[PDB]
Every structure is written in structure tokens, then in C-alpha cells.
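Throughout, a chain's letter reflects where its sequence line sits, starting with A, and its residues are numbered from 1. When reading the values below, keep in mind they use all heavy atoms of this one structure, side chains included, and skip hydrogens, waters and symmetry mates.
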Amino acid sequence: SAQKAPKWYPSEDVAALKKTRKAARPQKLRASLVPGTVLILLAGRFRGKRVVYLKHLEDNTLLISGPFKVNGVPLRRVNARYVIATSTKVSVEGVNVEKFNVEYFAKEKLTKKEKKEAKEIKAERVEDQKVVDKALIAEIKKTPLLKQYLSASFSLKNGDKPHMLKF
Amino acid sequence: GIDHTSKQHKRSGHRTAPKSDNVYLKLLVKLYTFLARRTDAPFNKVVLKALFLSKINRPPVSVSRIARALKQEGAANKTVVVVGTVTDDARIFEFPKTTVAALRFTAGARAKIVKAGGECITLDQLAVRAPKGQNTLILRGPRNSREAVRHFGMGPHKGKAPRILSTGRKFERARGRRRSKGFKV
Amino acid sequence: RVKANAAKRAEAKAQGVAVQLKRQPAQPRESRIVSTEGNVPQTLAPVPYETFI
Amino acid sequence: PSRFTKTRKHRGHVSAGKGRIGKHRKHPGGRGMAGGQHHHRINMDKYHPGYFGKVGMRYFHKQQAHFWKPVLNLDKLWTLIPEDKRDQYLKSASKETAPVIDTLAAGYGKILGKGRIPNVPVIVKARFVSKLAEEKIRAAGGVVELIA
Amino acid sequence: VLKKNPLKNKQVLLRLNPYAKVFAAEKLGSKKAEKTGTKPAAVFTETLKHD
Amino acid sequence: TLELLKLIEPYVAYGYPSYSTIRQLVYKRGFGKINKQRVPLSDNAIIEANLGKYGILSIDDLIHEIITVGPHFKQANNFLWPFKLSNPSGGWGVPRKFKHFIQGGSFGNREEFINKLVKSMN
RNA sequence: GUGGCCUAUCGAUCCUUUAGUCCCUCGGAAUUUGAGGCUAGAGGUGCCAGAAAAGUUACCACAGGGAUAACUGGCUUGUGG
RNA sequence: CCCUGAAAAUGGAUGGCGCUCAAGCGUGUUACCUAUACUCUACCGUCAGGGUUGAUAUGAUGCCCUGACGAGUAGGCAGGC
RNA sequence: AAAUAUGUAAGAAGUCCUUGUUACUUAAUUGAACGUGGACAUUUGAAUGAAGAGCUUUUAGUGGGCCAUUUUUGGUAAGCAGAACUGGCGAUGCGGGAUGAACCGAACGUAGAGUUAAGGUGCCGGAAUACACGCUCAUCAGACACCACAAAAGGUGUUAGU
RNA sequence: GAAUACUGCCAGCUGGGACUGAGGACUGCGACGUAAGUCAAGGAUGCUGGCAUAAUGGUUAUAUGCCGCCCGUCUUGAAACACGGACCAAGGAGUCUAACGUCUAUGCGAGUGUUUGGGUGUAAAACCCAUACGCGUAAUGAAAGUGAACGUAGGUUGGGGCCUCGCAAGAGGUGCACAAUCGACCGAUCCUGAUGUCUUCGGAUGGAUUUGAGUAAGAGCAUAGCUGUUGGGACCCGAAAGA
Ligand SMILES: C[C@@H]1C[C@@H]([C@H](O)CC2CC(=O)NC(=O)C2)C(=O)[C@@H](C)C1
């Protein structure tokens with residue numbers, strides 16, 4: 001033998017975990033974050049876009065739709081920590097939004113082989129977008145310059161201090 | 001920083017095991033470790049500690065000493081316990097019937113005890129018969145009768161034996177030992 | 001003091017058990033009322049320096 | 001064996017355990033018993049009082065065989081009888097058939113009296129005997145026969 | 001396995017000291033004191049105002 | 001003990017603690033000396049097991065014996081392991097610690113301000 | 001009253017000598033000389049816990065020492081300026 | 001407080017740059033910076049105190065629980081390569 | 001005749017009652033010493049602490065020291081020589097005094113977070129070109145303890161005061 | 001008649017930030033609950049995304065910020081304008097022995113040690129053994145000599161363990177080792193000096209501020225080991241000399 005043997009062998013049985021005392025209580029959003037508030041998107045492919053907050057989802061995400069008619073942002077989820085809640089608000093008591101949940105935004109069952117190693121929007125998404133944002137457009141047109149504001153992108157200017165800004 | 005009031009990392013200074021490699025002594029230590037943990041009898045703890053001692057700390061116990069111990073009032077029927085060797089003594093001519101538990105019996109001591117109608121038994125037999133040391137009597141031999149102890153604490157006026165090879169006249173009985181030759185101690 | 005301790009114990013056996021035989025250090029003082037009646041406070045001040053010669 | 005010595009542990013340490021200041025030297029205080037009266041006086045007087053000087057008379061041509069006289073005490077006296085017959089002698093202590101113990105053949109010159117033999121008569125044959133040893137033998141009922 | 005601070009972690013704070021719930025229910029940390037209209041003596045006032 | 005305090009004055013800051021200070025100190029940093037070991041109190045049963053023979057059945061009983069210096073103060077205080085405080089959270093308030101509190105330093109009797117110091121240190 | 005009113009006024013081993021015990025030993029017996037022992041003093045070591053001890057080296061040697069002198073430097077500044 | 005008293009040898013030292021309602025001197029009040037120190041946590045080792053054998057564990061100088069400690073020449077001891 | 005420093009005591013190996021031993025002692029059945037019996041938990045005779053207490057054997061290195069505050073001797077003095085107590089360096093890194101054995105702070109397993117010590121916060125350089133009241137202008141300003149020096153003596157410079 | 005400052009208290013509420021997630025069935029203390037149960041209550045879980053490889057990470061070179069004087073040595077103090085060291089390889093210094101101390105392990109144990117020698121052998125091995133001898137079991141004295149129980153091998157104080165009673169402290173009894181103490185015994189020293197008698201021998205009995213490396217129900221012998229000691233070349237290298 002090149003090595004004698006371990007006289008002691010460690011046990012091969014994996015211990016079970018102890019009971020964890022951590023229940024999952026619901027998130028407590030900020031006070032400024034209420035449905036209908038215009039949000040500034042701080043990250044993603046829609047950085048700086050003005051969107052309307054619509055619904056708090058069960059995965060803690062926020063359902064936004066800055067209508068295509070204004071800025072091209074579709075119905076999608078965002079994280080509450082990556083938006084700025086402004087002071088301008090539109091009425092959201094005329095839109096139906098309970099049908100939108102995590103299953104509505106389920107993406108794909110990615111496997112170990114179905115990958116784009118080298119290099120189509122659904123019709124229900126298109127129609128749900130039109131139905132949700134027609135009433136948003138009707139609310140948006142009810143105040144001057146709201147459509148233009150929501151179409152424009154946010155960006156910091158020179159000598160613009162965000163710790164002293166009011167949104 | 002901490003203002004230490006005592007030496008740090010100080011070992012207790014007591015044997016926690018026999019230094020010997022005797023497997024049978026180690027089995028006895030295993031038995032009395034279990035007994036001293038699982039019983040509240042101080043006898044088992046005493047025996048466990050006695051099983052750690054060195055040869056000079058387990059002096060032999062003579063059968064005369066055993067008989068003198070059994071002479072004490074109410075001690076006639078007690079089991080004598082010697083954690084060490086029991087040796088024979090020809091100075092004494094009569095023995096009572098008694099039970100002696102010991103690590104070792106000399107051939108003469110074993111013969112004399114058995115001839116007196118008694119029985120010699122090992123410490124595990126003692127553990128089986130008396131698990132809490134019921135009705136026992138622990139005997140210990142004389143420690144300071146060792147010849148090395150004669151020389152401990154040698155010094156002027158201390159009255160100890162000098163470390164010396166040859167003995168007699170001409171060997172350290174002169175100046176320093178009598179007033180006619182300088183001084184006495 | 002040994003004789004006094006024995007006598008205190010002997011009396012405490014009759015009445016007043018726990019007769020507090022041990023001595024104690026001087027305790028901090030208890031509360032008290034200090035009366036100004038006939039004892040109006042006199043105000044003192046530091047004194048100026050003088051040469052004395 | 002060399003592998004258990006401190007020499008192996010001192011490998012790598014400069015002074016080999018002898019100190020940097022003291023510097024283990026050849027014979028810093030002399031050889032043997034040098035200076036026993038001068039610079040080793042305190043050691044010699046504390047641990048070996050009596051060392052210096054002479055006491056007593058000389059003895060030219062001393063033969064230790066003249067002084068051969070091993071001592072045997074009464075408490076060990078009965079060990080000279082073999083075990084197979086000691087018991088029959090201790091029982092039936094008779095003035096008419098008493099054991100003869102020849103201590104000289106046993107290799108002893110004088111019988112001392114540390115005493116407490118059993119009350120059994122014995123004929124003790126010896127070159128020399130102490131007063132108390134003879135008294136205890138006779139009180140036990142035996143006799144001491146002197147031999148050369 | 002972990003020392004949990006009372007004065008926070010109300011659960012340990014109430015495991016020790018069961019009276020803490022009564023304290024916080026009766027608001028014993030904000031006990032309104034009675035009104036007394038005792039006036040210091042004039043001699044006290046002049047002594048304080050002296051010099 | 002006052003002569004001891006005089007004798008160690010340049011090395012300590014001391015004063016008269018308030019009930020709030022004692023309660024927070026024993027709730028936050030209270031440890032028992034059980035069998036020569038530093039044991040976090042963390043439960044009333046520990047105090048009952050080691051101090052119940054003096055009638056102290058809880059951490060509030062222990063605090064009461066501290067605040068009103070009771071008949072068994074010596075045993076309760078000795079049961080308490082010496083408190084290991086941190087450095088004060090807003091600092092010492094002085095440029096140099098090793099002058100008397102009276103002379104603008106930190107050591108000595110600062111009697112009632114010991115509460116503020118200990119709260120910052122706790 | 002167990003020397004000097006108190007605090008200083010003094011000395012091992014070996015050797016010699018004296019007193020004491022009339023004692024022990026001279027070993028094949030014995031006696032008498034002689035010698036050696038045991039107890040207690042003295043004869044002395046002042047480098048005073050105690051070797052028996054003259055110089056010189058500019059012909060020199062060795063082990064070492066910056067534990068230590070003979071320059072500079074450093075501290076100091078009496079003296080000097 | 002400032003100035004005179006106030007002279008040494010390579011060019012030179014509030015540490016340097018520089019500083020004048022100071023970035024100087026005296027004094028007060030705060031905020032702030034950062035040690036291998038203090039507090040809390042993890043991990044290593046050491047020491048101490050403990051638990052663990054009537055079908056339950058490599059069958060015990062093993063496993064495990066709890067607390068506290070840790071600077072080091074000369075040197076001592078121990079476990080290892 | 002201090003201050004500081006220093007001896008002892010603060011009990012069970014104790015206290016009390018009674019009566020036992022002796023060849024000592026007493027005029028004495030007086031004592032002395034040691035005892036037999038009997039009575040003494042809220043505190044068994046002040047505080048605080050106690051890290052286990054007590055005991056033994058054996059052996060290493062060392063037996064050049066030096067520095068600081070305070071006391072102190074010789075010397076004009078010395079980074080001189082010699083003592084006292086304590087703390088240090090030697091044997092010790094770390095933050096600060098630019099630098100430095102000894103000063104200040106703090107003593108050290110490997111890391112993370114927080115807070116500080118001494119020292120600092122114009123820039124070098126982490127941190128207020130903070131706030132407040134005054135003083136000073138130097139044709140050698142001054143700028144932090146140990147510490148890297150300054151005096152006697154002078155100025156209708158300027159500022160407070162008797 | 002009020003406010004407010006300052007100081008202090010709350011087992012008042014609440015927002016932002018950072019570091020940490022040790023453990024691994026259950027057991028505990030609690031809280032909310034009418035209960036079932038739930039919980040922030042003896043240490044992190046839940047949900048989601050990208051990548052699945054040099055992407056993270058390791059190693060290495062370099063750059064940057066800050067720090068970092070050359071080791072060994074003697075020394076109070078070394079980076080020193082103190083000494084040794086240009087570089088590399090190989091060699092290079094506490095050993096063995098005789099006799100010992102303490103400690104430890106082992107065998108046997110009032111004994112212990114076979115190995116001088118003899119017997120035997122598978123032949124420097126292993127195995128077996130008589131008589132002696134060494135140490136120990138007796139000390140003390142210069143020596144001639146003498147030579148260790150008044151007693152339950154003593155009394156007293158303490159003493160682990162054990163025994164008896166005891167819900168439980170505790171109280172009694174016995175108490176080995178060990179410690180202190182007062183005694184007893186053996187030898188030396190000094191003293192006392194009976195019966196008896198080769199009339200100078202013998203030395204009973206009793207005593208003591210004396211003395212011993214003693215007795216008082218043995219502890220030793222042998223082997224081995226670390227450390228320490230002495231003699232030896234003696235940790236290694238080194239004189240000027242002497243014969
Ligand atoms: C001066 C004279 C002699 C002196 C002594 O014997 C000298 C030496 C002689 C010797 O070789 N070795 C020693 O031990 C001592 C002594 O006793 C004095 C009283 C009398």
C-alpha cells in the first residue's frame with residue numbers, strides 16, 4: 001500500500017436541516033409608491049423612462065405600463081428599488097389589472113441544450129397592452145403636458161443634485 | 001490587554017491517566033471511569049485516582065498491615081482494598097478470614113490469605129460485588145519509608161541522610177560533624 | 001469585645017434574635033432636615049491679596 | 001536512544017541550550033573536587049559535612065572476615081524452619097520435642113531481640129545472642145545453646 | 001447559541017420580566033404626576049437671590 | 001471601599017448609577033459566574049438556580065438587590081461577572097482622559113454623569 | 001553574679017602540644033616502654049572562610065579586551081577665551 | 001506678547017511647503033480621523049470544568065457540551081516533520 | 001514633630017461553666033500547662049477578592065545591566081560616577097512624539113464590523129482653510145511634554161492692571 | 001397665569017446604511033391565541049436573474065498606494081564608521097563509556113540479580129542451572145563493644161474513604177497514607193551503682209536543656225528511558241609553552 005487507511009471513516013449520511021423559524025411576511029412598500037404614480041426607471045433597457053405604476057405583484061415586483069402611445073414601454077415588471085416615485089399621479093380607477101400575475105409573465109423553460117450558442121410578441125400581450133393603455137391614454141389626456149412629460153426621458157443635468165431634488 | 005492574576009494555560013498538575021501501557025490496567029481505568037461518572041460514591045473516585053499513581057506512590061501493603069487494619073472495631077468483616085501490591089509478612093503468625101481486593105498479590109501473600117480461609121480478588125471482582133464501595137476499607141502503604149526520602153531536605157541541622165556511596169569511618173564523619181574537628185553541622 | 005459578643009448573644013436568645021454581632025464600616029449618612037431658623041446662611045467670598053508687610 | 005534526546009530538539013538553536021552569555025566552556029570551576037575548601041566550600045559544607053579531616057584510629061591489614069556476624073531478629077527466627085513443618089511445630093508446643101534452629105548453618109552470627117515470637121519452645125543454636133533475645137527465647141520456653 | 005438582547009427583541013424582553021406587558025399597557029414610562037402648589041419659603045428666596 | 005476608590009482614582013471613572021443604567025447594564029451585559037464560567041443570564045431559571053437561596057428569583061430581583069443595596073448585595077454582585085463595556089459611542093467628551101473629571105479629564109468621581117458615560121459605553 | 005554598663009577588641013582542616021577519661025587499640029597470645037585513638041584547650045593563618053613565593057624585558061610571545069588607557073568625535077565648561 | 005541683550009565654522013531645516021483678524025500665542029465649545037487597545041461574531045490552538053456503555057458507538061488518550069485565555073530573548077517541557 | 005512607609009489583632013486551634021493530671025508552683029484543695037464532660041446558624045464575630053488551596057522533588061539559564069518620575073551622595077558640571085522606591089527597556093512588536101531601546105497610548109493567535117486611546121484635522125496626510133473671545137508684526141517672529149537650550153538687564157512697541 | 005430652554009426617563013413609535021448567517025431531526029424558555037394552531041421564541045430563509053467558463057478564483061510577472069536599513073554575534077545599547085560573511089556544492093560540532101542523583105515504565109517482592117561459569121543448541125542467538133557473591137532485610141560508636149514492644153507497636157490534634165442513624169443538611173463510630181506534637185525502645189556521651197565476687201571484676205536498676213545518616217506490622221533488588229553529575233579528547237576548532 002502507498003497509504004495505509006483512515007482508521008476512522010466519516011459517516012456518509014447527510015444530516016437533515018434544523019427547523020427554521022423564518023416566516024415570509026409580505027413586503028412593506030414605501031409610502032410615496034401608490035398605484036397611479038409616475039415612476040422614473042433607473043435601470044434596464046428602459047433607463048430613464050416615465051412609466052405609470054399600476055399594481056403591486058405577489059413576487060414583490062411592480063406592474064408598469066408607460067403606454068406605447070407615449071413612450072414605447074410595454075406592460076412589464078420592475079423592482080421597487082430601481083424606480084423613482086415622483087409626485088405626479090394619474091387616476092388608475094378605470095383599468096382592469098387583476099388578471100396580470102407572475103404566470104402572466106412566465107418566460108420560458110430553459111434547458112441545458114436549448115441555447116442560442118452562436119447568434120415574436122404574443123397576440124395576447126399586444127391586445128392586453130391596447131386594452132390596458134386605452135384608458136390610461138384617456139386619463140393622461142385630461143391634464144396639460146402629461147403626455148409630453150411621460151414621453152420624454154429623465155436625465156440628470158449639470159449641477160443637478162439628486163439629494164436635494166424633489167420628484 | 002488583561003491584568004492576569006494567575007498563570008495562564010496552567011495544567012492541573014494531576015495525572016488524568018496511568019502513564020503505564022498495561023492494557024489490563026487501562027481496562028480497570030475504563031471500568032472505574034464509568035463507575036465514578038455514573039455513581040455518586042466517593043469510593044469509586046478514590047479508586048480511579050489511585051489507579052493513576054506511580055510505583056513510588058503505591059507502596060506495597062503488607063498482610064500484617066491488613067491484619068492490623070482488620071483489628072479496628074467494626075472492621076472485622078470489611079473488604080480490604082489495596083490499589084497496588086499486597087506482600088507477605090512472616091513476623092505475624094495469625095490471620096483472620098477476610099477478603100482482600102488488590103492489583104497484585106505476591107505468591108506468599110496470596111498463599112497466606114487463602115490458607116487463612118480468605119479470598120484474593122481483583123478490582124473488577126470488587127466492582128461487581130461492591131459497585132459503590134459498600135463495606136470496604138482502603139489501605140495505603142507507607143510512602144515516606146522509601147530510602148530516597150532519607151536525603152530530601154539535606155542541610156545544616158536538618159538531620160537528613162547525606163547522599164554517600166561508601167559508609168564508615170573516614171566517610172564524612174569529620175570537620176562539620178563534630179566539635180573537635182571544626183564545628184558540628 | 002469577645003465578652004460583649006457573648007453577652008449580646010445571651011440577651012438575644014431571650015429577645016431580639018439576629019443581634020448583628022459583626023462590626024460594620026461607617027455607612028453613608030441618611031437624609032436630614034437642616035433648619036435655617038436662627039441659622040440664616042452667611043455668604044462668603046474669596047479675599048483679595050495683601051502683602052502683610 | 002539518540003532520537004529521544006534534547007540534542008535533536010536543539011538542532012537549529014544557536015547555543016544548544018547552554019546560553020549566549022555563559023558560553024559552555026571547558027572547566028570553568030576546575031576539575032573534580034577542585035576548590036572544595038575555597039570556592040566550593042558552601043556546597044561541601046552544606047551537603048557533605050564531615051568530609052575534610054580524619055577521625056578515629058587506623059587499622060593496618062584489616063580482614064573483613066574477622067568481623068563477619070550477620071544478625072537475625074526473633075521476629076524472623078521462625079523463618080529458618082521450612083514451611084512444611086513450621087505449622088506442626090507451632091501446634092503442640094512441647095518441651096520434649098522442640099525444633100532445633102541452627103542459625104550458623106542458616107548463615108547468621110548473632111541473634112537479636114526485636115522479638116514477639118510465638119509461645120513455643122525452641123532450641124536456638126547460635127554463636128552470639130543479645131540479652132533480650134535470650135530472655136525472650138527463655139520466656140517462650142526455649143533455650144539458647146552456644147556454638148562456635 | 002446566541003445572546004439575544006432585551007431592550008430590543010421584545011420576545012426575549014418579555015420572556016424575562018413578564019411585567020413588561022403591563023408596563024407598556026399602562027404606559028408606566030409616562031406616568032403623569034400629581035399637582036402640588038407648594039411654595040418655597042421667603043427666606044429660601046432671599047437666600048437664593050442674595051448678592 | 002471609599003478608601004479603595006480614592007486609592008485607584010487616577011485609573012477609573014466612577015459615580016452613582018441610576019435605575020435605568022443598572023437595568024440596561026444587566027439586561028445587555030449581564031453574565032453570571034457559574035462554576036467559574038461566564039454564563040449569559042438570558043433566562044430567569046439560571047438566576048433562580050444560583051441565587052434563589054438568597055430569595056433572588058429573577059433578573060429584576062437581581063437588579064433590585066443591586067439598586068437598593070440589600071442584605072445579600074455581596075453575593076448578588078459577586079455572582080455578576082464584571083461588565084465588559086465598549087468604548088463610548090460618541091467619545092469621551094474631552095481631549096485628554098487622564099486628568100480628574102473636575103480638571104476637564106475623565107477619571108475620578110463624576111457622580112451623576114457616570115450614567116451618561118455608561119450609556120455611551122454599553 | 002556564667003567577666004568588663006551596652007554597642008568593636010579576633011581564627012578552619014593537617015600537624016604539634018597540654019588537660020580529662022585511666023577509658024579504647026597496636027588485629028597469634030601476654031607484661032612493660034613506645035605509638036595511635038575519644039572529649040576539651042593552646043601554638044596561626046591581619047589577603048583576617050585561612051597558598052609556602054623577588055625582580056626585569058627598549059629582544060619579546062600568546063589568549064583576549066573598546067568590560068580598560070594613549071587621537072578624533074559626543075556630553076560638560078571647572079580652567080582657557 | 002513683541003523687540004534689544006543673542007557670535008562659528010559644507011547649504012538646511014516649527015519634519016517640509018508655507019502660514020500674519022494664522023496654518024502663531026492663551027482660552028472655550030463641538031464635529032471629525034485612526035492602533036495588534038475596548039465591544040460583538042467566526043475560525044485555530046491551549047487550559048479548565050463536564051456529558052456519553054441494561055441491543056447503543058470503529059467498541060472512549062473517541063465523540064461531544066460549556067467557559068476563559070493566546071507578547072516573548074536566555075531557558076525548560078510537549079506534539080510533530 | 002508630620003505625610004508616605006511599617007508590626008500585630010479582628011475568634012471554633014474560640015469563649016464560658018464544672019472538675020481531672022503533675023515529680024513544676026503556692027502558706028494553702030494557690031496557680032501554670034494540658035484536658036474529661038456541658039452550652040453556643042439567620043452574622044462562627046469588619047470590607048473586598050480568591051484566579052482551586054496546601055506540599056514536595058529535581059534541574060535549566062542568569063549572577064556585565066541600563067533608562068524614566070520622585071528621594072538622594074561626590075563633583076562646577078556631564079549622555080559623569082554612586083545609592084532608595086516604583087515602573088520600564090533588556091526580552092517587545094503595535095498607534096503617536098518626523099526621526100530615536102527606555103517618553104505618551106496601548107502590550108500582540110487568524111479575520112470581519114463598530115468605538116476609541118495618545119496624537120491630530122491648510123497641503124504633504126486620513127480628519128472642520130470649524131465656531132468663539134482676545135494678544136502679537138519681528139530689516140535674527142512664533143509654532144507642543146521628555147527634546148534637542150538661554151540669562152542678568154533694558155524698550156513713550158503695544159495690551160491689560162495697581 | 002402660562003410657555004420654552006436645559007437636564008433626565010419611557011419594558012414610546014418609526015425611516016435610511018453597513019458587517020455577520022456560526023449550528024443542522026426533536027427536546028428549552030416564552031409570546032399571540034376560546035381552542036386547533038401560529039410566531040421575529042435555544043444561530044437564514046424565501047423568491048428571482050445571468051453564466052456555466054478562465055467569468056469567479058489560484059499562481060506568476062509587472063504597475064500603482066503605503067510601508068520595509070544586512071544577516072549572524074558579543075553587548076545596557078547594532079543598519080552601524082564593531083567583528084565574520086564574493087558565490088555554490090559536499091563534509092561540518094553535546095557523543096560513547098565507568099560510577100552515580102531525582103523521576104518514570106516493567107518483573108518479582110523480604111527478597112532480588114540466569115549470561116563468572118556450567119548444561120544445551122537449528123551455534124556469538126534462543127533455552128536451562130548449582131554453589132557463591134552484590135545490594136536489601138539493623139543501627140550505633142574512634143574503638144573494645146552493645147544492639148531496637150510498658151502498652152491493642154502508645155497518647156493528643158487533624159485526616160480521605162468506610163460504617164450507623166438521617167426526608168436532607170448533618171450527627172456519632174472507625175479512621176490507612178500524611179502532617180504537627182508528647183512519650184516508649186536501640187547505640188554513643190554523662191551520671192547512679194543492687195545480688196554477687198579470682199577484691200576487682202561484674203553492671204542489675206534508675207536518670208538526662210546531651211547525641212545518631214536508628215526502632216516503632218519491612219521495601220528492596222534488577223532492567224530500561226529522559227534529564228542532571230564526575231572522570232575521560234568529552235560540543236567542535238584554537239595558544240604562547242613543556243618533554
Ligand atoms: C604556623 C604553625 C603551623 C600551622 C599549620 O599546621 C600549617 C599547615 C601545614 C600544612 O601543610 N597544611 C595544613 O593544613 C596546615 C598551624 O596550625 C599553626 C597553629 C602553627
- [ ] Could you tell me whether the phosphate oxygens of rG119(I), OP1 or OP2, come under 4.0 Å of any side-chain nitrogen or oxygen in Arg96(F)?
- [x] yes
Open item on the list: Looking at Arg140(B), I'd like to know whether one of its side-chain N or O atoms comes within less than 4.0 Å of OP1 or OP2 on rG160(J).
Closed with: no
Open item on the list: Looking only at side-chain N and O atoms, does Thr21(F) offer a donor or acceptor that is under 3.5 Å from a partner on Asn115(F)?
Closed with: yes
- [ ] Indicate whether OP1 or OP2 belonging to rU102(J) is found under 4.0 Å from a side-chain N or O atom of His151(B).
- [x] no
TODO: Would you mind building the protein contact string for nucleotides 12-26 of chain J? One character per nucleotide, 5' to 3', B for base within reach (heavy atoms under 4.0 Å), S for sugar-phosphate only, - for untouched.
DONE: SS-S-S---B-BBSS
Task: Those residues of residues 69-79 of chain B lying under 4.0 Å from RNA chain J by at least one heavy atom - done: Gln72(B), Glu73(B), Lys78(B)
- [ ] Tell me whether the OP1 or OP2 atom of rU46(H) has a side-chain N or O from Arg11(B) closer than 4.0 Å.
- [x] no
- [ ] Would you indicate, yes or no, if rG50(J) has its OP1 or OP2 atom less than 4.0 angstrom from a side-chain nitrogen or oxygen of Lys107(A)?
- [x] yes
Open item on the list: Between the base of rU61(H) and the side chain of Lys26(B), is one N or O donor paired with an acceptor at under 3.5 angstrom?
Closed with: no
Open item on the list: So if I define the base as every atom that isn't primed, P, OP1 or OP2, how would nucleotides 187-192 of chain J read as a B/S/- string at a heavy-atom cutoff under 4.0 Å?
Closed with: ------
Open item on the list: North or south for the sugar of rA6(H)? Use the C1'-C2'-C3'-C4' sign convention, positive meaning north.
Closed with: south
TODO: Please confirm if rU140(J) pairs with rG145(J), counting Watson-Crick and G-U wobble geometry and requiring both distances below 3.5 Å.
DONE: yes
Close N or O pairs between protein and nucleotides 201-205 of chain J (under 3.5 Å):
none

Open item on the list: Given the structure, check if the side chain of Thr87(B) and the base of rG111(J) hold any donor-acceptor pair shorter than 3.5 Å.
Closed with: no
Open item on the list: Let me spell it out: for each of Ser20(B) and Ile92(B), pick the nucleotide of RNA chain J with the closest heavy atom. Which residue's pick is nearer the 5' end?
Closed with: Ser20(B)
TODO: Classify the nucleic acid contact of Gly90(F) as base, sugar-phosphate or nothing, counting any heavy atom under 4.0 Å across all strands shown.
DONE: sugar-phosphate
Task: Polar pair under 3.5 Å, donor/acceptor by atom type, side chain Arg173(B), base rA142(J) - done: no
Task: First encountered from the 5' end of RNA chain J, between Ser145(B) and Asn60(A) - done: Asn60(A)
Task: Any-strand Watson-Crick or G-U partner of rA213(J), both distances under 3.5 Å - done: none
Open item on the list: Less than 4.0 angstrom between a side-chain N/O of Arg9(C) and OP1 or OP2 of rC40(I), yes or no?
Closed with: no
TODO: Would you please confirm or rule out a distance under 4.0 Å between OP1 or OP2 of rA110(J) and any side-chain N or O of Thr106(B)?
DONE: yes
Open item on the list: When the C1'-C2'-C3'-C4' sign is the only test used, does the sugar of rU229(J) come out north or south?
Closed with: north
Anything under 3.5 Å between a donor and an acceptor, one on a side chain of residues 178-185 of chain B, the other on a protein residue two or more places apart or in another chain? List them.
residue   : atom : partner   : partner atom : Å
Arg178(B) : NE   : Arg173(B) : O            : 2.9
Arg178(B) : NH2  : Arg173(B) : O            : 3.2
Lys181(B) : NZ   : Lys54(D)  : O            : 2.2

- [ ] List in chain and number order the residues that pass side chain to side chain donor-acceptor pair (under 3.5 Å) with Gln8(B), two or more places apart in sequence or in another chain; answer none if no residue qualifies.
- [x] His4(B)
- [ ] Look at the side-chain N and O atoms of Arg169(B) and state whether any lies under 4.0 Å from the OP1 or OP2 oxygen of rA142(J).
- [x] no
Open item on the list: I'd like to know if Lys55(B) reaches the base of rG220(J) with its side chain, counting only an N/O donor and acceptor under 3.5 Å.
Closed with: yes
Open item on the list: Using a 3.5 Å limit on both hydrogen-bonding distances, do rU45(G) and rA52(J) make a Watson-Crick or G-U wobble pair?
Closed with: no
Task: For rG218(J), pucker side given by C1'-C2'-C3'-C4' sign - done: south
Task: Nearest listed nucleotide, side chain of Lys4(E), among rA41(J), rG45(H), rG67(H) - done: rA41(J)
TODO: With sequence neighbours left out, write down each residue that passes side chain to side chain donor-acceptor pair (under 3.5 Å) with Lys170(B), or none if nothing qualifies.
DONE: none
Set out, line by line, the N/O atom pairs under 3.5 Å between protein and nucleotides 95-97 of chain I.
none

Open item on the list: Listing request: all side chain to side chain donor-acceptor pair (under 3.5 Å) pairs with a residue in residues 71-86 of chain B, at least two apart in sequence or in separate chains.
Closed with: none
Task: Residue whose closest nucleotide on RNA chain I lies nearer the 5' end, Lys36(F) versus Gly17(D) - done: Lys36(F)
Task: Residues in salt bridge (charged side-chain N to carboxylate O under 4.0 Å, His left out) contact with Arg116(D), at least two apart in sequence or another chain - done: none
Heteroatom pairs (N/O) under 3.5 angstrom, protein to nucleotides 29-33 of chain J:
residue : atom : partner  : partner atom : Å
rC29(J) : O2'  : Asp43(F) : OD2          : 3.1
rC29(J) : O2   : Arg15(E) : NE           : 3.0
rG30(J) : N2   : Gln11(E) : NE2          : 2.9
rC32(J) : OP1  : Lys21(E) : NZ           : 2.6

Task: Phosphate-side-chain proximity, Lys119(F) and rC9(J), N/O vs OP1/OP2 below 4.0 Å - done: yes
Task: Watson-Crick or G-U wobble pair, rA105(J) with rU223(J), both distances under 3.5 Å - done: yes
TODO: Look at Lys76(D) and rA138(J) and indicate whether a side-chain polar atom (N or O) is within less than 4.0 Å of OP1 or OP2.
DONE: no
TODO: Please work out if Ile56(B) contacts a base, only the sugar-phosphate, or nothing of the nucleic acid, heavy-atom cut-off 4.0 Å.
DONE: sugar-phosphate
Task: Backbone of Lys4(E) reached by a side-chain donor or acceptor of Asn9(E) within 3.5 Å - done: no
Extract all donor-acceptor atom pairs below 3.5 Å that involve side chains of residues 14-28 of chain E and protein atoms in other chains or at least two apart in sequence.
residue  : atom : partner  : partner atom : Å
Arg15(E) : NH1  : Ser42(F) : O            : 2.9
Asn17(E) : OD1  : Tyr19(E) : N            : 3.1
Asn17(E) : OD1  : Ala20(E) : N            : 3.2
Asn17(E) : ND2  : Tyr27(F) : OH           : 3.0
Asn17(E) : ND2  : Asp60(F) : OD1          : 2.8
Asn17(E) : ND2  : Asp60(F) : OD2          : 2.6

TODO: If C1'-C2'-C3'-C4' is positive it's north, if negative it's south, so which is the sugar of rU159(I)?
DONE: north
Open item on the list: Is there a side-chain contact between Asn78(F) and the phosphate of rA50(I), meaning an N or O under 4.0 Å from OP1 or OP2?
Closed with: yes
Open item on the list: Check the phosphate of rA50(I) against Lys33(F), side-chain N and O only, distance under 4.0 Å to OP1 or OP2. Yes or no?
Closed with: yes
Task: North or south sugar at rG70(H) (positive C1'-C2'-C3'-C4' torsion counts as north) - done: south
- [ ] Tell me, please, if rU97(J) and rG231(J) meet the Watson-Crick or G-U wobble pairing rule with both distances under 3.5 Å?
- [x] yes
Task: Heavy-atom pair with the smallest gap, counting every atom of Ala133(D) and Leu74(D) - done: O-CD1, 3.8 Å
Open item on the list: Once you apply a heavy-atom cut-off of 4.0 Å, does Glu112(F) come out as touching a base, just sugar-phosphate, or nothing?
Closed with: nothing
Open item on the list: For the backbone of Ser64(B) and the side chain of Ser62(B), can you confirm whether one donor and one acceptor N or O come within less than 3.5 Å of each other?
Closed with: yes
Open item on the list: Using modelled atom types and a 3.5 Å cut-off, is there a donor and acceptor pairing between side-chain atoms of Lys26(B) and backbone atoms of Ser20(B)?
Closed with: yes
Open item on the list: Under 4.0 Å from OP1 or OP2 of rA105(J): is there any side-chain N or O of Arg15(B) that close?
Closed with: yes
Open item on the list: Between the base of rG94(J) and the side chain of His24(D), is there a donor and acceptor pair under 3.5 angstrom?
Closed with: yes
- [ ] Determine the interplanar angle of the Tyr54(F) and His72(F) rings, folded into 0 to 90°, and report it as parallel if under 30°, tilted if 30 to 60°, perpendicular if over 60°.
- [x] tilted
Open item on the list: Contact between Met121(F) and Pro88(F) at the side-chain level, heavy atoms closer than 4.5 Å - yes or no?
Closed with: yes
Open item on the list: For a quick test of reading the model, state the closest non-hydrogen atom pair linking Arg175(B) to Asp45(D) and the distance between them.
Closed with: NH1-OD1, 3.0 Å
- [ ] Give a yes/no answer on whether the side chain of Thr5(D) brings an N or O atom under 4.0 Å of OP1 or OP2 in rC226(J).
- [x] no
